[PDB]
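One structure is given here, and the rest of the page talks about it.
Starting from 1, each residue takes its place in the sequence as its number. For ligands, and for the atoms within them, numbers begin at 1 and follow the listed sequence. Note that these values count all heavy atoms, side chains included, but never hydrogens, waters or copies made by symmetry.
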Amino acid sequence: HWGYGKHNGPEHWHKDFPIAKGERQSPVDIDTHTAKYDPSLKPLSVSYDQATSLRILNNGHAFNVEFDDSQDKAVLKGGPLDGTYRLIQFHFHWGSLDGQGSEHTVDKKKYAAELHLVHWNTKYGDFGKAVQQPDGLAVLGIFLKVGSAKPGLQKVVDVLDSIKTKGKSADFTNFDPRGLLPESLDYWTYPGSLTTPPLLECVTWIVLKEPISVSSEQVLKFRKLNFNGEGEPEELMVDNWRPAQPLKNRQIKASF
Ligand SMILES: Nc1nnc(C(F)(F)S(N)(=O)=O)s1
Ligand SMILES: [Zn+2]
């Protein structure tokens, strides 16, 4: 099935998922000189004080930190969004080397990794109905650069050794995602898609301008994870990013 290798990677996905060549695919290159400041944009509201993490899972492509989304505990509102979007999970994309790993690029610059916090529109009642709607999801993306350590990331780094291979999971309660956010909430926003199969065109992307810093040692532990299952030959989980897709005369709007 799909992956990130030469024989099942991004350039192959369109055969099973034709929407890969669609009109609003993600990620994209953010040309900062062409993005336009949008005064219609309301301020962004990230309300994560009640967030309830439950578990972390290696899904064979990345790891997901899962939240309890059976109530309005952690939500994203405002900015370009109408309504309330509830946090369901976050995950990362990262590279084999510090010069690559992000999915979005900024003036063609690639970061070492990208964090995605995935939220769904509560008006659609559940995640699987929301991904079938053009405004069903809101994903907050945050770039990672290598430099000083991110203290709030270390509890994630700490548990990765217990979910090395595909299908492993570990308990991950009481994790606070507020510890992953940069100081500034300035952002770029555009309509796009999931960046993995099934590549559904349901996402309002909100990409923060300010990256967070993580240490070399932290990202190195990311790179010790495995795409394969236990007892199979080691395939390091690296370069699980989709490259930039054609913008197709969407306009990227800036909040600043
Ligand atoms: N892991 C993944 N979880 N969600 C994924 C997505 F494809 F939906 S993304 N990269 O947020 O568009 S990747
Ligand atoms: Zn993602």
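At the shortest separation from atom 3 (N) of ligand 1 among protein heavy atoms lies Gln89 OE1, 3.0 Å. Closest to atom 13 (S) of ligand 1 among all protein heavy atoms lies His91 NE2, 3.3 Å. Closest to atom 1 (N) of ligand 1 among all protein heavy atoms lies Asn64 OD1, 3.1 Å. Scanning all protein heavy atoms for the shortest distance to atom 12 (O) of ligand 1 gives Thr195 N, 2.9 Å. If you check which protein heavy atom lies closest to atom 8 (F) of ligand 1, you get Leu194 CD2, 3.3 Å.
Those atoms of ligand 1 with a heavy atom of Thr196 less than 4.0 angstrom away are 5 (C), 6 (C), 7 (F), 13 (S). Annotation for ligand 1: atoms under 4.0 Å from non-hydrogen atoms of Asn59 are 1 (N). Close approach of ligand 1 to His93 is summarised as follows: ligand atoms under 4.0 Å from at least one heavy atom of the residue are 10 (N).
Rounded to 10°, the angle formed at the Zn ion (ligand 2) by NE2 of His93 and ND1 of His116 is 100°.
Neither the backbone nor the side chain of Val203 comes within contact range of ligand 1; no heavy atom lies under 4.0 Å.
The salt bridge (charged side-chain N to carboxylate O under 4.0 Å, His left out) test with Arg86 singles out one residue from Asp68, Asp69, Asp72, and that residue is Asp72.
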Under the side chain to side chain contact (heavy atoms under 4.5 Å, CB included) criterion, do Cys202 and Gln133 qualify, and how do the steps go?
CA-CA 6 Å; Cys202 59; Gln133 319 303 141; 5.9 Å; no
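At least one test fails for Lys224 against the ring of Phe222: distance under 6.0 Å to the centre or angle within 45° of the axis.
Checked against a 3.5 angstrom limit, the closest N/O atoms of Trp205 and ligand 1 fall outside it.
Within the structure, the closest approach of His116 to ligand 1 falls below 4.0 Å when heavy atoms are considered.
In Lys77, the NZ atom is not crowded: 12 or fewer heavy atoms of neighbouring residues, nucleotides or ligands sit closer than 6.0 Å.
Scanning for ring-ring contact (aromatic ring centres under 6.0 Å, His included) contacts around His91 gives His93, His116, with sequence neighbours left out.
The distance between the ring centers of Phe90 and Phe63 does not fall below 6.0 angstrom. Ring centroids of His104 and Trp188 are separated by 6.0 Å or more, keeping the two rings apart.
Side-chain heavy atoms closer than 4.5 Å link hydrophobic residues (I, L, V, M, F, W, Y) into clusters, and following such links, even through other members, never connects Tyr190 to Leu44.
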